[PDB]
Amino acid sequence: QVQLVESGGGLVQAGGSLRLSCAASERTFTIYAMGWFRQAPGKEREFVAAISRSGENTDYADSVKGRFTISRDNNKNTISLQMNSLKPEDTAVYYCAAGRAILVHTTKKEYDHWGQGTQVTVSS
């Protein structure tokens, strides 16, 4: 079983950037496809971005395409979310997620493991 730890959230002004990171358990790191989701006030959780086991393939929600970039470090057992041109509607708890994938280049939308979250608040 895998554990997941998000970091890097905080309070930022609209137009700013933030970089989130997610640490995942070392011994199983590369068995899991990984992703980011977020849950804004009053809303269901929303898929944000996904990355394959290999780190070579990615997928994004239309709401963040071009502003957010997901990356993976298979040296250090992390994934990252670079968030640029932030807007108030990006305010949410951001969750890292993991799920087994048979192939190394597959991205997932459904995940069975997720972190406690990191809070992101974008003010104007």
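Counting begins at 1, following the sequence as shown.
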item	value
Selected stretch [higher average CA B-factor]: 102-110 or 17-25	102-110
Average Cα temperature factor in the PDB entry - higher stretch of 58-66, 89-97	58-66
Criterion, highest CA B-factor; candidates, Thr118, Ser124, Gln3, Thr121	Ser124
Selection by C-alpha B-factor (highest) of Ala49, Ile79, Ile31, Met83	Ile31
Cα B factor band for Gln39 (lowest, middle or highest third within the chain)	lowest
